[PDB]
Amino acid sequence: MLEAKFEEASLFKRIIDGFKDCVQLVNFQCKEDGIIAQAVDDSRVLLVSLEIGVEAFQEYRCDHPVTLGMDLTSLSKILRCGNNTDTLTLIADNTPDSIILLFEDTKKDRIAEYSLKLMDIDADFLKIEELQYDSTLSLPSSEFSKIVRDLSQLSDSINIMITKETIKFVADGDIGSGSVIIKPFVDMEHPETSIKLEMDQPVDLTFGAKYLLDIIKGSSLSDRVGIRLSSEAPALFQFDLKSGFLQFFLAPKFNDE
Amino acid sequence: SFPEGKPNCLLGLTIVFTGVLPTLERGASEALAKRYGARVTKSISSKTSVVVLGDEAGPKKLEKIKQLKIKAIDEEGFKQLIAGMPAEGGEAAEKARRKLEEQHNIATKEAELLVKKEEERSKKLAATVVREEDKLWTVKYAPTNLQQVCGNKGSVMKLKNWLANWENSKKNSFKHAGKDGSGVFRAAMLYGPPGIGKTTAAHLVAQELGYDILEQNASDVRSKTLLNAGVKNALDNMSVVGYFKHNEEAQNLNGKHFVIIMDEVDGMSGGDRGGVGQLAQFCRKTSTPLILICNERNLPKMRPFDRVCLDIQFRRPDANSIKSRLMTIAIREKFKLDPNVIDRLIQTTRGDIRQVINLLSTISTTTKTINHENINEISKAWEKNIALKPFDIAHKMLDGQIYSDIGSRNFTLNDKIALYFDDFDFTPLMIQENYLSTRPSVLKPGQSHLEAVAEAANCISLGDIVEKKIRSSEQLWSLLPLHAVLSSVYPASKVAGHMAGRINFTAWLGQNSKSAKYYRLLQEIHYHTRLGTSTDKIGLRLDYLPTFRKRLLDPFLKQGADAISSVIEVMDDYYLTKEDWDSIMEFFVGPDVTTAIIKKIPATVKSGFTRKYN
Amino acid sequence: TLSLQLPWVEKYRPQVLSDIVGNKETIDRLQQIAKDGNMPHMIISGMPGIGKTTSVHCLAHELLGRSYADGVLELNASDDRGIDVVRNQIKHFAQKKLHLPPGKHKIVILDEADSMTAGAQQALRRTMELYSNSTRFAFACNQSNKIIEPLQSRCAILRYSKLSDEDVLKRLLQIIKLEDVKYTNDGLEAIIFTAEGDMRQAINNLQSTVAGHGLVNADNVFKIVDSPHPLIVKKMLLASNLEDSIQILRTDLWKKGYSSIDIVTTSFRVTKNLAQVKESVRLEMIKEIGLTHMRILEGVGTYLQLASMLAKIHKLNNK
DNA sequence: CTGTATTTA
DNA sequence: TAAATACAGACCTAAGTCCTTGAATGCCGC
DNA sequence: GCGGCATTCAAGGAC
Ligand SMILES: Nc1ncnc2c1ncn2[C@@H]1O[C@H](COP(=O)(O)OP(=O)(O)OP(O)(O)=S)[C@@H](O)[C@H]1O
Ligand SMILES: Nc1ncnc2c1ncn2[C@@H]1O[C@H](COP(=O)(O)OP(=O)(O)O)[C@@H](O)[C@H]1O
Ligand SMILES: [Mg+2]
Ligand SMILES: [Mg+2]
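Residue numbers (PDB author numbering), protein chains in the order written: chain G, 1 to 257; chain A, 149 to 238, 241 to 278, 290 to 775; chain B, 4 to 322.
Okay, structure coming up:
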């Protein structure tokens, strides 16, 4: 049995919204530590990882690590019914065949109990080993989302060039090209919009624009994005939470000759 | 009425049935022959041991028997051969006994293999969950490796080599084709009947060569936008699962690439808006192997893939390969099964192993043993009712045996109308094309071939009138059954018999397209010259052109290169053009064909005329 | 009047596989499959009113017990034949998690499967392939040729045949015993004769005859249910003299309100399925009936055209 | 049907 | 090098409506 | 200013 109580249902609503347009079916593994969810894209090009710790819930309960196979469209449909000022409670009984979502109003006594049927997801559990990267920076989510939205209008391929402590976003399409140059800077009175960058090797990668849009669609869980590059490894696009995180493992293009 | 012969008494013999046998039907006779292990071939060859001779047997059958000096036997001869031959066949008999022993030994060997895998799985389960009996015999007994694939060994090997040398060809930009001929095409198509193992073989070679599998059903996702979203971004990107699963040990350096398996390619849409052309263009530029699997290859929608990629045909599996597999699944599911029916199982399923496995799984629940006794109701209730190809429709419709009294009783007129309705867009065309190219066998007493062909053509004209009344306004589609008999059934019945030469495909489509192109060209010419002709299209074609040729082309032949100015003046008087001049000479036929006359003109004159036009 | 009672088709619809009087072999196969489990993919084909939908419904009920509500997805294929339906709803039901006994599977019933569009039919193949270990498909159609060959490749094929007179008579007698209806042997023979192997039609005719006249007697049955229309036409063409054929056409067909297009279509169908005369005679007769049908379809349909049809057929039969 | 590709003799 | 069989040649256009179905247009909601 | 959904229409197929 599991009974997890959220602070605001909108938090889970945004979590589900962030990675709903890239993957469709997710295995949610619930352990005494919290909730972990990893999902491979239908093209097996973008991996989505999500961790929510025990401190992100008003009340948490777990008697055994349990797997929940959820479809993101149905989950979004269920969570759209709730409002911003309701407490969300996820309930699972023994032999899990469905999951109960309780929306409880704090100013009234109205209760909305929804049921979601689980899915059978025959996906293997893989290990996301953490290895030191060559470049790791942090810049506001809104700016990165704007750059992706402007650059996706030219081509579907985006070249990331971190060289000489300069960040270059290149989009070479059929009609012209577009280049964005960013220089990291530390601005004192609000560090929120600052760009904290550590560059060791200059890295040249290329990614897909559609996956970039799917990644920036989750620009509502944090203010900045932890962006980590690696020349032989997929890049990490991370949105930190109060007690968890949402990572996107994006495999780069083939850097032919 | 047939005596119970000893088991496998006909083992080792090759028997061909000819003519019509008044006691047993030809199919029943063939099944009874296979019942005692006799090999049945439709054609008389040097390896034939006994030919059963019936009435109305084809004359060239008899000529072949005479040249080969093969013993000819009647119904009482077959009676005695069944009755008197010793059991188990008593020099081919020992060879076929060795073959049967080898098949049984292989069946036992893979049965032990399967039970050992089951024991290993149970041990693994004990160490640490779909139940075995919950899976179909199709998926439980699916091939786990290429050595269990039955039939199409050559195609499987060709696909394996093409996939293996893919990186080597990519390093040379696909310029070097090699000895096998695979390496210039970056994409592979697999086409054949359903249920033969094309998808299974593709997945097996994908997983064995270390390529990360990417599968997407073409019928499930059939859209240009969807194709761009899910494939374009997948054409030149590495894989996340390939890197995270294993990258430390030296397995292979191509594990970060993708092998894109597109099944049900024929299930997409057609036209420019369809994704078929998008995938055809995908097959031209890609950095990852692209394997396509389809059931129907030669389709108008599938035309772009005809030359772009490398084609592989998976054919109907041979019976001998399938016998071992069915023996294995029979010993493992403990239901008795003799091999003598396996051939007849293959013949009625039209080589679809998935359907054979499904039939075995569905029928063995009630009849724990299947024998030669009940095989008739097994085959009669599981016949493959598939629409025949237009060539087979034409071959069957023009068969002289079908319109005989026995044929009419067996293959009734309703079956003829259904055969027409299998493909009603091409059956009248093929029938009209190749009805006068068959040697008749149903001529009435006092009727020649010319009379029968004349009546057939009269009925063809009636059928064409009906077809026009159908495919015009008021949509008289309920007249389709009428067009069944007037266009195809009756003309074929008039000239039914044997096929003299080959069944040529209908040429009316090509002539129609050529006539339409020529009519368009004549339309352009007439609308260019209307300023001077003031004559209709047909009136300018019939009369103006024989003079236009003489005004334009004859001075080149009779005066040399000094007549260019006069021809240019004549053509500018009627607003004629270079392309129009080229099209004018292509309209004449018969004793005046310019296809060689222009070549006889000196090239200097042509160059000067082109320069003057420019 | 305030309400009606359930028709005998629905009221006495079988709920178990034993109550079905259809083909013994396939019914026993279905009973064994339900008893053992592991139901394979199937398509049941045949003629209307012989027990195709009922067989699959009772099979699913017996296989899934109380879990029928959440383990059976029954859709009329003609009602839902869109490729989007297969892509979304059928796919979601196939991937849906459900704890079931170790021998039972979720069942997808596709009634009127012969009306599905090509796109959905092709899209269903991978859907039934990837989820073949927890979702099973049972199609119910009248024509197997309308289903694509790959779809038939992955499933068992059950050709239902016309019900024999004995089975229809036994089911009818059981219904009379359970309803306490006054009947006559001639009436039941007439009901079977006009049923033409369709159990549903026989049951409906019996119920209507009981509700309209009370006594199941041959006179009442022929009064309320007309004799099979093709048989009068078959008697009409097979007449030896033109006068008799004209008389049947005038009295039984034209004066009874049968339209000319119906008569010509029935003549076409009868001559197509005829077997008494030779092949050449049949083709020439079909030629003449088709010419007359062409004349009728232009709106020329009168009694004179049908009279000409019969006269020309009788000329053809006159050597 | 002829003609060709493939498998086994 | 022969048996032994599969098995491929080929895909039409105007027309009438109905049907599906992808994709673009259009609007409202936020 | 997008985001989402509903509506409409055009392309192909069938009879
Ligand atoms: N050569 C073979 N040997 C053994 N089993 C086979 C063979 N070919 C097919 N099968 C069985 O048939 C099942 C399905 O085969 P598939 O490869 O999916 O059929 P297919 O040739 O791809 O035709 P489709 O799917 O309609 S395009 C496999 O899982 C096997 O159980
Ligand atoms: N073999 C049979 N035994 C008993 N009743 C039958 C049989 N076949 C048909 N029926 C009756 O017909 C009715 C509906 O038939 P149904 O199975 O829907 O026809 P179809 O096979 O065309 O789908 C049922 O209520 C049932 O009582
Ligand atoms: Mg396949
Ligand atoms: Mg029904």
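Each residue gets a CB set at the ideal place from its N, CA and C atoms; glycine is no exception.
With contacts defined by Cβ atoms closer than 9 Å, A242 of chain A and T162 of chain A form a contacting pair. Runs of alpha helix (DSSP H) with 4 or more residues, each lying fully within the region 504-531 of chain A, are found at 514-524, listed in chain order. With a contact defined as Cβ atoms closer than 8 Å, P43 of chain B and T523 of chain A qualify at about 6 Å. With a beta-carbon spacing of about 11 Å, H407 of chain A and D373 of chain A fall beyond the 8 Å limit used to define contacts. The straight-line gap separating the alpha-carbon atoms of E77 of chain B and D114 of chain B is approximately 7 Å. Below the 7 Å Cβ cutoff, chain A contributes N575 as neighbours of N276 of chain B, in chain order. Contact with chain G is absent for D504 of chain A, since none of that chain's Cβ atoms lies less than 9 Å from the residue's Cβ.
Under DSSP, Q155 of chain B takes part in no beta bridge, so it has no partner.
With fewer than three CB-CB distances shorter than 8 Å, the region 641-652 of chain A does not count as touching the region 298-318 of chain B. Interface with chain B (9 Å Cβ-Cβ cutoff): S115 of chain G is excluded. Taking non-hydrogen atoms of ligand 1 into account, the C-beta of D424 of chain A is found less than 8 Å away from one of them.
Under the criterion of beta carbons closer than 8 Å, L118 of chain G and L101 of chain G do not qualify as touching, at roughly 13 Å. If you look at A390 of chain A, you'll find it in the alpha helix (DSSP H) that goes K385 to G391.
The three-state reading of DSSP puts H659 of chain A in strand, counting E and B together. When distances are taken from the beta-carbon of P355 of chain A to the heavy atoms of ligand 1, the shortest one is below 8 Å.
For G304 of chain B, no CB of chain A lies under 9 Å from its own CB, so it is not counted at the interface with that chain. The beta-carbon of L101 of chain B is placed less than 9 Å from the nearest beta-carbon of chain G. For the beta strand (DSSP E) assignment, the uninterrupted runs of no fewer than 3 residues enclosed by the region 101-163 of chain G are, from N- to C-terminal side, 111-117, 135-140 and 157-163. Ligand 1 never approaches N156 of chain A closely enough for any of its heavy atoms to be under 8 Å from the residue's Cβ. Taking C-beta atoms as the reference points, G68 of chain B and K107 of chain B count as a pair closer than 9 Å.
For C158 of chain B, the C-beta contacts it makes with chain A under 7 Å involve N519, in order along the chain. Boundaries of the alpha helix (DSSP H) harbouring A198 of chain B: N188 to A198, taken from the DSSP string. Around the Cβ of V290 of chain A, a 10 Å sphere holds fewer than 16 other Cβ atoms; the residue is exposed.
Remark: the shortest separation between the CB of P51 of chain B and any heavy atom of ligand 4 falls under 8 Å. Between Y596 of chain A and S654 of chain A the beta-carbon gap is near 10 Å, outside 8 Å, which marks them as no contact. Within chain B, no C-beta atom comes less than 7 Å from the C-beta of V437 of chain A; the nearest is roughly 13 Å away. Against chain A, the beta carbon of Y211 of chain G has neighbours under 8 Å at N394, listed in chain order.
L275 of chain A is outside the set of residues whose beta carbon lies under 9 Å from a beta carbon in chain B. No heavy atom of ligand 3 is found nearer than 8 Å to the CB of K100 of chain B.
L201 of chain A sits in a strand when the DSSP states are folded into three classes. Shown here for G190 of chain B: same chain residues with a beta carbon closer than 8 Å to its own, the five before and five after excluded, namely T212, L218, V219, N220, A221, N223 and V224 in chain order. A straight line joining the alpha-carbon of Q177 of chain B with that of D31 of chain B spans about 20 Å. Neighbours of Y736 of chain A in chain G, taken as residues whose beta carbon is under 7 Å from its own, are absent, since the nearest beta carbon is some 40 Å off.
Counting only residues of its own chain and dropping the five nearest sequence neighbours on each side, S145 of chain G has a CB closer than 7 Å to the CB of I216 and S219. Near chain A, meaning a CB-to-CB distance below 8 Å, the residues of the region 41-57 of chain B are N41, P43, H44 and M45. The three-state secondary structure of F140 of chain B, taken from DSSP, is strand.
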